[PDB]
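J.:
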RNA sequence: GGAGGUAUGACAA
RNA sequence: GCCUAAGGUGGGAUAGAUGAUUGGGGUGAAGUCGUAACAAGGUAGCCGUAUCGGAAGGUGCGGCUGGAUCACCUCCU
RNA sequence: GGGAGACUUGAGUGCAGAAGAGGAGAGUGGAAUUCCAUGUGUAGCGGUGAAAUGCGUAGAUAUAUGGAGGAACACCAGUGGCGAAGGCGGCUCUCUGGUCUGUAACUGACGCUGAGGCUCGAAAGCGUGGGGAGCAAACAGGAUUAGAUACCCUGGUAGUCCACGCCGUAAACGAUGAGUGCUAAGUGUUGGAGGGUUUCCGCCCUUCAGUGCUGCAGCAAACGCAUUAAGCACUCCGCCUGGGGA
RNA sequence: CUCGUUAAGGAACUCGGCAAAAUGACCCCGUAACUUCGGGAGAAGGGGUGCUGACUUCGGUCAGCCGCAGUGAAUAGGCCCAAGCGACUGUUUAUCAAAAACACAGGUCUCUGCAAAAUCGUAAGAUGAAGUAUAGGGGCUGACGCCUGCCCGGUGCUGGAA
RNA sequence: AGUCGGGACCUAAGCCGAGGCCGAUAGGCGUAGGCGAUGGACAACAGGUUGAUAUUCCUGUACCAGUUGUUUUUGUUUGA
RNA sequence: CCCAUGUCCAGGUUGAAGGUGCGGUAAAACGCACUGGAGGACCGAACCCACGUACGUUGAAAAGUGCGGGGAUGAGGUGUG
Ligand SMILES: [K+]
Ligand SMILES: [K+]
Ligand SMILES: [K+]
Ligand SMILES: [K+]
Ligand SMILES: [K+]
Ligand SMILES: [K+]
Ligand SMILES: [K+]
Ligand SMILES: [K+]
Ligand SMILES: [K+]
Ligand SMILES: [K+]
Ligand SMILES: [K+]
Ligand SMILES: [K+]
Ligand SMILES: [K+]
Ligand SMILES: [K+]
Ligand SMILES: [K+]
Ligand SMILES: [K+]
Ligand SMILES: [K+]
Ligand SMILES: [K+]
Ligand SMILES: [K+]
Ligand SMILES: [K+]
Ligand SMILES: [K+]
Ligand SMILES: [K+]
Ligand SMILES: [K+]
Ligand SMILES: [K+]
Ligand SMILES: [K+]
Ligand SMILES: [K+]
Ligand SMILES: [K+]
Ligand SMILES: [K+]
Ligand SMILES: [Mg+2]
Ligand SMILES: [Mg+2]
Ligand SMILES: [Mg+2]
Ligand SMILES: [Mg+2]
Ligand SMILES: [Mg+2]
Ligand SMILES: [Mg+2]
Ligand SMILES: [Mg+2]
Ligand SMILES: [Mg+2]
Ligand SMILES: [Mg+2]
Ligand SMILES: [Mg+2]
Ligand SMILES: [Mg+2]
Ligand SMILES: [Mg+2]
Ligand SMILES: [Mg+2]
Ligand SMILES: [Mg+2]
Ligand SMILES: [Mg+2]
Ligand SMILES: [Mg+2]
Ligand SMILES: [Mg+2]
Ligand SMILES: [Mg+2]
Ligand SMILES: [Mg+2]
Ligand SMILES: [Mg+2]
Ligand SMILES: [Mg+2]
Ligand SMILES: [Mg+2]
Ligand SMILES: [Mg+2]
Ligand SMILES: [Mg+2]
Ligand SMILES: [Mg+2]
Ligand SMILES: [Mg+2]
Ligand SMILES: [Mg+2]
Ligand SMILES: [Mg+2]
Ligand SMILES: [Mg+2]
Ligand SMILES: [Mg+2]
Ligand SMILES: [Mg+2]
Ligand SMILES: [Mg+2]
Ligand SMILES: [Mg+2]
Ligand SMILES: [Mg+2]
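Residue numbers (the UniProt record's numbering), protein chains in the order written: chain V, 2 to 275; chain R, 4 to 88.
1. Report buried or exposed for residue 194 (chain V), applying the criterion of at least 16 other Cβ atoms within 10 angstroms of its Cβ.
2. As an exercise, report each continuous beta strand (DSSP E) stretch of at least 3 residues that is fully enclosed by the region 124 to 190 of chain V, in chain order.
3. Going along the chain, which residues of its own chain have a beta-carbon closer than 6 Å to the beta-carbon of residue 80 (chain V), five neighbours each way excluded?
4. Using a 10 Å radius around the Cβ and a threshold of 16 neighbouring Cβ atoms, would you call residue 67 (chain R) buried or exposed?
5. Helix, strand or coil for residue 18 (chain V), going by three-state DSSP, please let me know.
6. With a CB to CB cut of under 6 Å and the five nearest residues on each side skipped, what residues in its chain are close to residue 28 (chain R)?
7. Indicate the three-state DSSP secondary structure (helix, strand or coil) for residue 26 (chain V) in the structure shown.
8. Does DSSP put residue 272 (chain V) in a helix, in a strand, or in coil?
9. Is residue 25 (chain R) helix, strand or coil by DSSP?
10. Is the CB-CB distance between residue 60 (chain R) and residue 36 (chain R) below 8 Å?
11. Would you kindly report the start and end of the unbroken beta strand (DSSP E) that includes residue 75 (chain R)?
12. Could you check the C-alpha separation between residue 227 (chain V) and residue 205 (chain V) for me, to the nearest Å?
13. With a threshold of 7 Å (Cβ to nearest heavy atom), would residue 86 (chain V) be considered close to ligand 30?
14. Just to confirm my understanding: we take residue 22 (chain R), look at its own chain, exclude 5 residues before and 5 after, and list those with CB closer than 7 Å. What are they?
15. So for residue 102 (chain V), helix, strand or coil by DSSP?
16. Assign residue 69 (chain R) to buried or exposed, taking buried as 16 or more other Cβ atoms, counted over all protein chains shown, within 10 Å of its Cβ.
17. Check whether the Cβ atoms of residue 152 (chain V) and residue 198 (chain V) sit closer than 8 Å, and answer yes or no.
18. Tell me whether the beta-carbon of residue 75 (chain V) lies closer than 8 Å to the beta-carbon of residue 115 (chain V).
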């Protein structure tokens, strides 16, 4: 659940966090840890390409098994662990053959569940099946767009998609955004919804906490200089003073769509949203 | 459950064949109360059932008060056996 | 026969 | 030397008077605006609540008959 | 009144039965509305006291096949049932409260009321997150009008729905606190029980608990109430003391 | 220039109590409005402090002694009432501006179905992200509380397609 | 200076980069593979001595890696 | 500004969540103690900073010094690469 801190200090005032009740341990799997460096929004040229990123706490990457292509044997859920890299929690699972892996933790997952993957797996939270085998109306997550590539869609905490129907070699899906689109029927998905639904409700509370989470301050364009931002300049506070608000590089910032107009995936997107 | 009820009645019977008596009634009420407390925690919004639970609690309280007034030693024995206050 | 449901107009005289 | 009245200092508590200004309320034989209610009062009224409107008030939801007229059902005579 | 006993009628338990939209949770079915898609098809549709706004040749309305999604559960349905009250109506399952009737095995007055407290509490409203078909405050436009910040018409947001949490008020009404006993009848109806018949169905008699109607005694200012009292009595509680100001 | 003292007065100085003065440690008593119930608060306002005996439950207490004065020197908050602005801790013009400016947690709008959008780059290749709509980018507002009215004609954006 | 710090050890960020990708030229990018400590690994201390060095020289007492040789055990292809 | 890897923050103060005990109740909520040790928490050296003022202004100094001043477990300081 969400615990609210008493307003002992102005910084702590109105702050909330998770109790981490679901988390069963704090010792990740050594075999599955990998090193990660904080790119801080800088590409191979060393230029800042994405603003407002950098600093914050050190992290280790946990190798998640998005593919769920090990259908031979059952995987027993050993622990539910905190993952610094993603909003959702992960689950360490042991395959009966001794292979250890991490998966996303679906809502309602519990230690001891014996998950299975493959066409014949039953429709139970945490199981993985090709979309063709998942009955309509089912709630799923960790959907892959191409067979064997591994789950890409519906992975954030609390997210979920629903199977609407079949057609041809494609399966009709409503994604978490409300967009309805076709996805290749041989793509896999995990039954259920991503756990840690409460994540959205956390109140960060103070600037230092965002800095921990690797967000650097965001400076409004209206308080820059004209050579810095189209909104920059002007005496005193100023209105936008343009036809429409724009990003630092002149791209309109309200309502202007950016999806490529000749996207190949229009043929598969049935109903858009966002 | 009648079977559970009957076993409790035999356990707390003041004497052979004693269906009705402060001890038997209080013990049976206590088990119903515990079972119904679990139902209430499962169904927080079952207000109508909760009213019956309160009535059972009141009746059990009245029986305890009568028993204490009548034979304090039997009252002490019963509260110890049932783990009551 | 009965019963429950389906625009304005003082004041007193 | 202790005790201690009075006096001094201090922060509170409490009672009243007073105060630019302001709020609702009341009275005032013939002022202005409408006509909300009483008849089915001309959209039945009323209660709680919400919102809107110069004003009475309107509308929404729920509730009551302390509901006129009329057509059915069930009950009684 | 106290103390020591006894008792079973009140109260409760046991045992055997009865009914129910009682509550909570998870599912699920059909009609209808709206929207979406596609055929047919052409000039209206819709609406009023009468009109207009509006929708429609960018092909509407209608019509046929589908799809989506939301809310409410037609017929049954009945002064019918259930709940302390608010209230509860598709169906299924899970959990669960109460009530009623027998019986007389059990306890042996263990009961009634109940300030303060606690809990529950229509609708509207509020917070967080969802959902959003229809309806619809606010609001827009068309009307009506002297004016119309309304009634009428076309649209329409919050809300109505869900989860959790607040709120705590209603003509929350039978405008009638609870408990108990007693005081003519007649007649419906719900759930039982016993008997006398009846081949069974069913008819009759008795009886309990509801639920209506009519109506003596009695009560009342009158209207009226009248075994479901507002009659005759006892116990406890809440409440009233001219109107306004309030 | 740096420092010490200063009769009586005590802010009359001055743009302005600038500077200086004053407060300053520990222990005890005591402590308001307001409040988001955490604070406000070291509020305020007071009292004690040395040495020597006696007794102590070891912290005291009782008795006595000395001085103008006992944290005897040094090092240690001045306080209160009220208004504006900004919630707050932070950040800023290295070298005339530290602020009411920026940031901020929170709010909201909008883009983005993943070879995502965005950005660096001719490209390859990168960041975004070994992340996936409870995520990421952009615009505005800026804790919290109560709220956020009317206008879609014009300009943008979005949709439409005769 | 075998023992301290560095090299003959290891890797992070970053950098270079066979082939390779991309590109008017120049070149840009990058795989394998490398480089790169501020980190990991790693055997010696006490005293004395000079005008100037000392865990480096000297005295004492060690340790680490290895070579030769003597001796002692054990294995020689069902093989340590 | 950022990356990787080290390192620094005397000493005091306050007392969040949680936990235990005892009350309290049908069970609770709740109350009181104790425990516990949170914080862009408090006071204050080193450290970092640079608010006021005097002096300096061919300076001791091409930005400082004296007296005061703010932060001082963090959105912190700082070293190496
Ligand atoms: K805060
Ligand atoms: K996480
Ligand atoms: K900003
Ligand atoms: K400006
Ligand atoms: K009216
Ligand atoms: K039942
Ligand atoms: K709501
Ligand atoms: K009612
Ligand atoms: K009857
Ligand atoms: K009066
Ligand atoms: K003077
Ligand atoms: K103060
Ligand atoms: K003295
Ligand atoms: K001080
Ligand atoms: K500021
Ligand atoms: K701020
Ligand atoms: K403000
Ligand atoms: K400052
Ligand atoms: K600034
Ligand atoms: K605000
Ligand atoms: K934003
Ligand atoms: K703006
Ligand atoms: K923001
Ligand atoms: K406009
Ligand atoms: K426009
Ligand atoms: K060496
Ligand atoms: K080193
Ligand atoms: K200075
Ligand atoms: Mg950003
Ligand atoms: Mg500027
Ligand atoms: Mg420009
Ligand atoms: Mg401008
Ligand atoms: Mg201006
Ligand atoms: Mg009228
Ligand atoms: Mg009227
Ligand atoms: Mg009327
Ligand atoms: Mg209106
Ligand atoms: Mg409601
Ligand atoms: Mg309307
Ligand atoms: Mg009332
Ligand atoms: Mg009757
Ligand atoms: Mg003087
Ligand atoms: Mg003097
Ligand atoms: Mg002066
Ligand atoms: Mg002067
Ligand atoms: Mg000064
Ligand atoms: Mg001193
Ligand atoms: Mg500030
Ligand atoms: Mg500051
Ligand atoms: Mg400067
Ligand atoms: Mg300055
Ligand atoms: Mg601003
Ligand atoms: Mg070395
Ligand atoms: Mg290269
Ligand atoms: Mg080459
Ligand atoms: Mg070594
Ligand atoms: Mg030397
Ligand atoms: Mg601090
Ligand atoms: Mg330094
Ligand atoms: Mg600086
Ligand atoms: Mg401070
Ligand atoms: Mg400090």
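Backbone N, C-alpha and C define an ideal beta-carbon position, used for all residues, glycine too.
T.: Walking through what the data contain:
1. With 16 or more other CB atoms across the displayed protein chains lying within 10 angstroms of its CB, residue 194 (chain V) is buried.
2. Listed in chain order, the complete beta strand (DSSP E) runs (minimum 3 residues) inside the region 124 to 190 of chain V are 129 to 131, 140 to 142, 162 to 168, 171 to 175 and 181 to 185.
3. Hits under 6 Å: 25, 26 and 93.
4. The residue is buried, with at least 16 neighbouring Cβ atoms inside 10 Å.
5. Strand, per DSSP.
6. These residues qualify, in order along the chain: 66.
7. Secondary structure at residue 26 (chain V): strand, using DSSP grouped into helix, strand and coil.
8. Strand.
9. Taken through DSSP and simplified to helix, strand or coil, residue 25 (chain R) comes out as helix.
10. It is a contact, given that the beta carbons lie within the stated cut-off.
11. Taken as a continuous stretch (DSSP letters only), residue 75 (chain R) belongs to no beta strand (DSSP E), being part of the alpha helix (DSSP H) at 75 to 85.
12. Rounded to whole angstroms, residue 227 (chain V) to residue 205 (chain V) spans 33 Å at the Cα level.
13. Residue 86 (chain V) has its CB no nearer than 7 Å to any heavy atom of ligand 30.
14. Excluding positions up to five away in sequence, the list reads 12.
15. When secondary structure is reduced to three states using DSSP, residue 102 (chain V) falls in the strand class.
16. Around the CB of residue 69 (chain R), fewer than 16 other CB atoms lie within 10 Å, so the residue is classed as exposed.
17. No, Cβ-Cβ distance for residue 152 (chain V) and residue 198 (chain V) is not below 8 Å.
18. With contacts defined as CB atoms closer than 8 Å, residue 75 (chain V) and residue 115 (chain V) qualify as a contacting pair.
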